Amino acid sequence: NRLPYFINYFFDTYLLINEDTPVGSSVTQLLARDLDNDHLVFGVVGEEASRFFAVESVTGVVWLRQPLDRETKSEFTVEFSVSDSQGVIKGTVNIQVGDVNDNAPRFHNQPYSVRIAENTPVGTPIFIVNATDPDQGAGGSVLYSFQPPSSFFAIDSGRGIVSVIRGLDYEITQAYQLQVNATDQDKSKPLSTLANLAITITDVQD
Ligand SMILES: [Ca+2]
Ligand SMILES: [Ca+2]
Ligand SMILES: [Ca+2]
Ligand SMILES: [Ca+2]
Ligand SMILES: [Ca+2]
Ligand SMILES: [Ca+2]
Ligand SMILES: [Ca+2]
Ligand SMILES: [Cl-]
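Residues numbered from 1 in each chain as written, not as in the entry; some residues may be left out. Chains lettered and ligands numbered in written order. Heavy atoms only, no water.

Under the PDB entry, the name given to the protein is Cadherin 23, and the source organism is Chelonia mydas. This deposition appears in the PDB under the title "Crystal Structure of Turtle Cadherin-23 EC1-2".

So, in structure tokens, the structure goes:
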């Protein structure tokens with residue numbers, strides 16, 4: 001009696017599952033060959049595997065039980081089983097959760113407040129802002145801008161540096177309530193968030 005064996009590509013390489021996959025969704029179908037043409041029955045082995053993947057006994061279709069996330073867990077290995085009526089064969093399948101852009105940039109220590117004198121020289125960096133993004137590639141890289149734009153302050157798109165660009169005057173304007181806007185470079189469906197930045201201006205002699 002000749003034992004059964006798997007054939008699918010994802011026993012040598014890896015199986016990709018995009019993290020947006022609704023639960024109850026089929027992820028693949030396990031395919032095996034018995035040389036003696038036995039009606040094979042498939043299963044899922046382990047408890048790590050079994051709380052993620054349910055396997056249709058006969059068809060070898062594999063579907064998703066608990067939802068996926070790459071922010072939590074990027075990759076993990078799972079072991080599947082196929083029966084010969086007398087003997088179980090199992091094989092190691094490296095899963096890899098495929099990323100999507102489901103995280104808008106997240107600020108740290110907002111709101112923001114700065115205090116500078118009217119005489120602050122033009123080009124003086126006065127604050128630095130930081131927004132993180134955990135996503136993959138352009139989903140997880142940030143670009144800072146003002147919103148609306150400002151005439152008196154700029155912000156470095158790369159490093160999030162708030163510099164002075166037009167000279168200030170206390171007798172004209174004693175405060176400036178700006179909104180820093182952080183955005184990710186995912187060209188198809190991008191995300192963006194806002195932080196308040198309240199620059200108070202201090203009087204001097206003129
Ligand atoms: Ca056999
Ligand atoms: Ca996610
Ligand atoms: Ca993601
Ligand atoms: Ca993102
Ligand atoms: Ca990042
Ligand atoms: Ca003045
Ligand atoms: Ca003054
Ligand atoms: Cl805020």
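And the narrative resumes.
Participant: I'm lost on the sheet that holds strand β9 (residues 88-98) in this one. Help?
Facilitator: Across a sheet, paired strands are connected by hydrogen bonds in the backbone, their directions being either parallel or antiparallel. The four strands lie next to each other as β2-β9-β8-β5, forming an open sheet whose pairing is mixed. Of all the strands in the sheet, just β2 (14-18) and β5 (41-45) have a single pairing partner and so form its edges. This sheet shows a mean twist of 35° between the axes of neighbouring strands, independent of strand direction. Inspection of the sheet shows β5 paired to strand β8 (residues 75-83) by five bridges, in the antiparallel sense. Bridge pairing in β8 places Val-41 opposite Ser-83. (Pairing = 2+ DSSP bridges. Helix = DSSP H or I, 4+ residues; strand = E, 2+ residues; numbered from the N terminus. Axes fitted to C-alpha atoms, helices over the stretch in contact; angles between N-to-C directions.)

Participant: Looking at this model, I keep getting lost on the environment of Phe-127. Mind explaining?
Facilitator: Among the secondary structure elements, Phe-127 is positioned in strand β12 (residues 125-128). Along the sequence, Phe-127 and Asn-37 sit 90 residues apart, while their C-alpha atoms lie 72 Å from each other.

Participant: What is the right way to read the coordination of the calcium ion (ligand 3) from this model?
Facilitator: Summarising the metal site, the calcium ion (ligand 3) is bound by the protein donors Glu-19 (OE), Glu-71 (OE), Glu-71 (OE), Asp-99 (OD), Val-100 (O), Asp-102 (OD) and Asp-135 (OD), whose distances to it range over 2.4 to 2.8 Å. Counting gaps between the donor residues of the calcium ion (ligand 3) yields the pattern E-x51-E-x27-D-V-x1-D-x32-D. A separation of 3.9 Å is found between the calcium ion (ligand 3) and the calcium ion (ligand 2), which are bridged by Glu-19. One end of the pair, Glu-19, is in the loop between β2 and β3 (26-29); the other, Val-100, is in the loop between β9 and β10 (106-107), with 81 residues separating them in the sequence. Residue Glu-19 is classed as buried on the basis of its relative accessible area of 6%. On the basis of relative accessible area, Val-100 is assigned to the partly exposed category, the value being 23%. (Donors = N, O, S within 2.8 Å, 3.2 Å for Na, K, Ca; no water. Buried < 20%, exposed > 50% of the residue type's maximum accessible area, 1.4 Å probe, protein only.)

Participant: Explain the nonpolar core here, please?
Facilitator: Across soluble globular proteins, nonpolar side chains show a tendency to be buried alongside one another. One finds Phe-107, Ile-116, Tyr-144, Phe-153, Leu-197 and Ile-199 to be the most contacted residues of the largest nonpolar core, which totals 24 residues. Sorting the residues of this core by element identifies β11 (112-117), β14 (142-146), β15 (153-155), β16 (161-164), β17 (175-184) and β18 (192-202) as the ones contributing at least two each. Setting aside chain neighbours within four positions, we find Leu-197 in contact with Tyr-112, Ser-113, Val-114, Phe-127, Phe-146, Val-162, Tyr-176, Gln-177, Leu-178 and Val-180. Among the nonpolar cores identified, the runner-up in size contains 23 residues, and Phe-10, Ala-49, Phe-52 and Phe-80 belong to it. (Core = buried A, V, L, I, M, F, W, Y, C linked by side-chain atoms within 4.5 Å. Contact = heavy atoms within 4.5 Å.)

Participant: Looking at this structure, I do not really get the side chain of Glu-19. What am I missing?
Facilitator: Here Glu-19 occupies a buried position and makes no salt bridge, while the nearest side chain of opposite charge, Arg-70, is found at 4.3 Å. Residues within four places of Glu-19 in sequence aside, it is in contact with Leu-68, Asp-69, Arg-70, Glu-71, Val-97, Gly-98, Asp-99, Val-100 and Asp-102. (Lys, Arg positive; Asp, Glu negative; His and termini not counted. Salt bridge = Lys/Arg side-chain N within 4 Å of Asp/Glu carboxyl O.)

Participant: For this particular structure, what's the right way to read the sheet that holds β12?
Facilitator: What the three strands build is an open sheet, ordered β12-β16-β15; its pairing is antiparallel. Here the strands that pair on one side only, and so sit at the sheet edges, are β12 and β15. In this sheet, neighbouring strand axes are inclined to one another by 25° on average, regardless of whether the strands run parallel or antiparallel. Examined bridge by bridge, β15 and β16 share three bridges and lie antiparallel to one another.

Participant: What is the right way to read the pairing of β17 from this model?
Facilitator: Along any regular strand, the residues point their side chains to alternate faces of the sheet. Bridging between β14 and β17 involves five bridges; their strand directions are antiparallel. Note that in β17 the partner of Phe-146 across the bridge is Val-180. Inspection of the sheet shows β17 paired to β18 by nine bridges, in the antiparallel sense. In the sheet register, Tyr-176 faces β18, and the bridge partner there is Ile-199.

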